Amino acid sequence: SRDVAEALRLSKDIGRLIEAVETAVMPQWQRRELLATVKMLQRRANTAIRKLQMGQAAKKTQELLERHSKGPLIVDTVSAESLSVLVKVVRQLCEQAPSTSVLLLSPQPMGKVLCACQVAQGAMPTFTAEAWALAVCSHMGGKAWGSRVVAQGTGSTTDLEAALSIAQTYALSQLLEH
């Protein structure tokens, strides 16, 4: 968590350095030389950040797998620092569980909650992820956006159990048809 934040901060500081070099007073050839080195640093930093996130997403999906069976549906709570990380967890879980539909909520301080969901390919085209996240998040007073296969949303509540119960009812209503 903190390690990821520091990594992110490092990148931001670097980004700040590129702008300082771009707007700096110096000969242009010199500017070009320093900018090339700085951009490369930025790339390394960005990759490091990506590696850290991907890894912590991997930790989570695995913990989740212990918690659940590779069933038709996974509805659960995970701690996620960012929406991007949570979305990654959903994608990995769905890579590892090809026949499962997934919706996850991550509690945030200030009573803010994020949602990401994905629908398995095997599942019927009628079942859509956007409406799934919209029912869950709209119950939490937020909003949702996405496509038929995947969607994301945000809401604000401390009653997570109610939202999870709606998430499962909505899914099972679509999954158990015929």
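Just count from 1 along the sequence shown to find any residue number.
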query	finding
Mean temperature factor over C-alpha atoms, higher-scoring stretch between 138-146 and 32-40	138-146
Between 103-111 and 89-97 (mean CA B-factor, as deposited), the higher	103-111
Highest recorded Cα temperature factor - choice among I166, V25, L160, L17	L160
Modelled-residue ranking by C-alpha temperature factor, third containing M124	highest
Third of the chain's Cα B-factor distribution that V78 belongs to, per the entry	highest
Third of the chain's Cα B-factor distribution that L64 belongs to, per the entry	highest
Entry-reported Cα temperature factor of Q152, expressed as the chain third it lands in	middle
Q118 CA temperature factor, ranked by third within the chain	lowest
